[PDB]
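Report on one structure; see the data block that follows.
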Amino acid sequence: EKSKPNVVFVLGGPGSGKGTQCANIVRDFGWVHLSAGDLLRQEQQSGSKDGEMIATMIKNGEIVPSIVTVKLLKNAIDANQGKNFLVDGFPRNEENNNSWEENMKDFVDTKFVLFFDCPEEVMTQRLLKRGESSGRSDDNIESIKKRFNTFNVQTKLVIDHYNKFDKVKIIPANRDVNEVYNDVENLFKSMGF
Ligand SMILES: Nc1ncnc2c1ncn2[C@@H]1O[C@H](COP(=O)(O)OP(=O)(O)OP(=O)(O)OP(=O)(O)OP(=O)(O)OC[C@H]2O[C@@H](n3ccc(=O)[nH]c3=O)[C@H](O)[C@@H]2O)[C@@H](O)[C@H]1O
Ligand SMILES: [Mg+2]
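Each number in PDB author numbering corresponds to the 1-based position in the sequence shown with 1 added.
Put into C-alpha cells, the structure is as follows:
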C-alpha cells in the first residue's frame, strides 16, 4: 500500500557538521531531521525518570541504552508517516544498532550511513569556537575529548560493519560548508532522492 520510509544514518564525530548538513538536506529535499542527541535532551528537559540518567551519560560522553533512544526515534518516525528520515548521531553503539535492526526492520528501510570524515583537530576548533559564543556547555575540552574516545572506541566499529555491506558513503567534512554540501546534495540526487 504505502511505502516504508527511507532512513539514512548520519554519523561522524563531535562537530563534524552533521546537524549543519542535515539542515541543508531538510531545506532542499524535505526530509525529516531527527538529531538523537537533541531528542534525548528534550526527553531530559521534560520529566521522564530517564532524564538525569540521560543528563549524566551525556555529560561524560557515554551512549544512552537503546531502550530509551530507539523509543524516541520510533515515536517521531511514527508521527511522520509519509516522510523519509535523517537520523543524526545514531547508531553510536553496536548495541544501539542491534536494537535498531531488531525493532525497526519491519517499519523502515535503512539505506546507507552518511559519514562525515573530519580531523579531530578541526572538530575541536569548531566546537571551542561555538562555545566561545556560549552555544552549549558540552563545548569544553573535557567533554570534547571524552566524546572523541567514545567515537573512536565504539562508533568506528559500527561504521565498518556497515562498510562490510558497502553501506557507508564517506564525505570529507574538512572543507567549507558549501563545499561539503555540494557533495551531499549531489549524492542525494544520485541516490534518486
Ligand atoms: N564545514 C564546516 N566548516 C566550519 N564550521 C562548520 C562546518 N560545519 C559545521 N560547522 C560548525 O561546526 C560547529 C559544529 O557543527 P554541528 O553541525 O553542530 O556539528 P555536529 O556534528 O552535529 O556536532 P555536535 O555538536 O552535535 O556534537 P555531537 O555529535 O557530539 O553531539 P550530539 O548532540 O549528537 O550528542 C551528544 C551526546 O548525546 C548522547 N547521545 C546522542 C545520540 C544517541 O543515539 N545516543 C546518545 O547517548 C551522547 O552522550 C553524545 O555524546 C558549529 O558551530 C557549526 O557552525
Ligand atoms: Mg548535532
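C-beta: ideal position from N, C-alpha, C; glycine also.
- [ ] Compute the minimum distance between the beta carbon of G16 and the heavy atoms of ligand 2, and state whether it is under 6 Å.
- [x] As a position in the sequence shown, residue 16 is number 15, starting the count at 1. For ligand 2, no non-hydrogen atom lies closer than 6 Å to the CB of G16.
Open item on the list: Using CA atoms only, rank isn't needed, just tell me which of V181, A56 and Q82 is closest to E2.
Closed with: Numbered from 1 along the sequence shown, position 1 holds the residue referred to as residue 2. Comparing Cα positions, the closest option is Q82.
Task: Cut-off 6 Å between Cβ atoms - residues of its own chain near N98, not counting five sequence neighbours on either side - done: Locating residue 98 in the sequence shown gives position 97, counting from the first residue. Excluding sequence neighbours, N98 sits near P92 and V159.
Task: Validate contact between the region 36-45 and the region 67-79 using beta carbons, cut 8 Å, 3 pairs - done: yes
- [ ] Compare the C-alpha of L188 against each of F152, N153, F113 and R42 and name the closest.
- [x] As a first step, residue 188 is located in the sequence shown; it is residue number 187 there, counting from the start. Ranking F152, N153, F113 and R42 by Cα distance to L188 puts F113 first.
Task: Cβ-Cβ distance between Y182 and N25 below 7 Å - done: The count along the sequence shown starts at 1 and reaches residue 182 at position 181. The count along the sequence shown starts at 1 and reaches residue 25 at position 24. Yes, they are a contact pair.
- [ ] Give the DSSP-derived three-state secondary structure of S36 in the structure shown.
- [x] As a working note, residue 36 is residue 35 in the sequence shown. In this structure, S36 counts as strand in the three-state DSSP scheme.
Task: Cβ contact (3+ pairs, closer than 8 Å) linking the region 114-123 and the region 39-54 - done: no
TODO: Report the residue ranges of all beta strand (DSSP E) runs contained in full by the region 24-100; include only those spanning at least 3 residues, in chain order.
DONE: Along the length of the region 24-100, whole beta strand (DSSP E) runs at least 3 residues long occupy 33-36 and 86-89, reported in chain order.
TODO: Determine the DSSP secondary structure at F117, reduced to helix, strand or coil.
DONE: Translated into positions along the sequence shown, residue 117 becomes position 116. Strand, per DSSP.
Open item on the list: Following a CB-centred definition, is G20 positioned closer than 6 Å to any heavy atom of ligand 2?
Closed with: Along the sequence shown, read from residue 1 onward, the residue named residue 20 stands at position 19. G20 Cβ: within cutoff of ligand 2.
TODO: Could you tell me whether the Cβ atoms of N94 and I64 are closer together than 7 Å?
DONE: The residue given as residue 94 occupies position 93 in the sequence shown. The residue given as residue 64 occupies position 63 in the sequence shown. Cβ atoms of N94 and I64: closer than 7 Å.
TODO: Determine the DSSP secondary structure at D110, reduced to helix, strand or coil.
DONE: Against the sequence shown, residue 110 aligns to sequence position 109. Correct three-state label for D110: strand.
- [ ] Compute the minimum distance between the beta carbon of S36 and the heavy atoms of ligand 2, and state whether it is under 6 Å.
- [x] Within the sequence shown, numbered from 1, the residue matching residue 36 stands at position 35. Yes, ligand 2 has a heavy atom inside 6 Å of this Cβ.
- [ ] State the Cα-Cα distance for the pair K147 and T125, rounded to the nearest angstrom.
- [x] By one-based count along the sequence shown, residue 147 stands at place 146. By one-based count along the sequence shown, residue 125 stands at place 124. In a straight line, the C-alpha of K147 is about 12 Å away from that of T125.
- [ ] Quick one: grab the DSSP three-state call for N153.
- [x] In the sequence shown, the residue the question calls residue 153 occupies position 152. It is helical.
Task: beta-carbon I64 near ligand 1 non-hydrogen atom, thresh 6 Å - done: Here residue 64 refers to the residue found at position 63 of the sequence shown. It does: the Cβ of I64 is within 6 Å (strictly closer) of some heavy atom of ligand 1.
TODO: Pull up the CB-CB distance for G62 and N153, whole angstroms please, since I reckon it's below 8 Å.
DONE: Reading the sequence shown from its first residue, position 61 is the one you call residue 62. Reading the sequence shown from its first residue, position 152 is the one you call residue 153. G62 to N153, Cβ: 11 Å. No contact.
Task: Rounded C-alpha distance that separates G136 from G18 - done: Residue mapping note: residue 136 aligns to position 135 of the sequence shown, counting from 1. Residue mapping note: residue 18 aligns to position 17 of the sequence shown, counting from 1. The alpha-carbon atoms of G136 and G18 are separated by roughly 15 Å.
TODO: From the DSSP output, read off the bridge partner residues of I160.
DONE: As a working note, residue 160 is residue 159 in the sequence shown. Within the DSSP bridge table, the entry for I160 names no partner.
Open item on the list: Whole angstroms are fine: how far does the CA of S191 sit from the CA of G48?
Closed with: Against the sequence shown, residue 48 aligns to sequence position 47. Against the sequence shown, residue 191 aligns to sequence position 190. For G48 and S191, the distance between alpha carbons rounds to 42 Å.
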